[PDB]
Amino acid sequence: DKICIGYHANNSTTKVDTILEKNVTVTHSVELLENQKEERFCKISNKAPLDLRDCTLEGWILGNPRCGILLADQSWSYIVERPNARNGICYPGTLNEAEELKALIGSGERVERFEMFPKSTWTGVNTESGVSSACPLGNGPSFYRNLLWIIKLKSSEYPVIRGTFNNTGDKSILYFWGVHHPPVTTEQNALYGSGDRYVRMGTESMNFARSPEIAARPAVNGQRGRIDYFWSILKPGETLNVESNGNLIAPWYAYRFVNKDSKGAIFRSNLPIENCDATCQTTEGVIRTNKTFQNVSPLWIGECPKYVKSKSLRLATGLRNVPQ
């Protein structure tokens, strides 16, 4: 008659690491780190992301004529921009504070496109014929759909033109404008005229004034001229006054802007956007797991596990496996 005290053992070959010993076989353990992903984009909270397709984010929001599919109301959970989108800033020049603009839009949830200043706003000038071969639509020359390139009338001089918008809505307005810089004096006099020219924007809280900087530049997209693009936010209740006697790239269409109540994201990726659901969406793909860590990506939207460099984080729950 006898009784023995002992412990469980099985065919487990799963190992864990300890501080005193590595590769230790245990009876039961749990993996805390997730390394698997669906290389694609899904919906967050049943709301689809915005595909910018063959347009860069500047080209979309400025209204590059080749971005027509995107020229409408848009609602996104997050934004996907493609690495080598052809359609961006077609007419050469720098968008001022570009990075802050992308950051703002990333914090956005919805935009509503509307006509801020119709062509009839500007009197004494040519609101047509403001197109360029650098911004083609089809074969013919064209221009941005959110901007109006104004040149003087051939019969008359370029007068002081003015525009005013009272923002009476509850939503902030994202609008754009520009200043054209011809390469030589001849073009300046031909399009706008001699003497001192100016572009002046003003709101209750914003003050903007620039002059033409005529200078010879290397050709970009067949253009030795440049346009300095600018953006700003018309606060609700605020009013914008536009005043210029030349070189004005006028705001035409603008957006009613809706701020996202949480962090938004802009992913730079070639992954496909599909009609699927995800809780965790990384820039490298979807993660479906109950695990506590992932080694997939630090950039994500939604609810994801913590990012670490580890290949594995396995906690022992069971006992040291010692079969007979």
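Note that residue numbering follows the sequence shown and begins at 1.
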query	finding
Stretch exceeding the other in mean C-alpha B-factor - 63-71, 264-272	63-71
285-293 versus 253-261 - greater average Cα B-factor per the deposited record	253-261
Deposited CA B-factor, highest of 48, 32, 280, 299	280
Options 99, 81, 128, 228 - largest CA temperature factor per the record	128
CA B-factor placement of residue 114, once the chain's modelled residues are sorted into thirds	middle
Residue 159 CA temperature factor, ranked by third within the chain	middle
Residue 76, C-alpha B-factor rank within chain (lowest, middle or highest third)	highest
Chain thirds of CA B-factor: placement of residue 177	lowest
Third of the chain, ranked by Cα B-factor, where residue 214 sits	highest
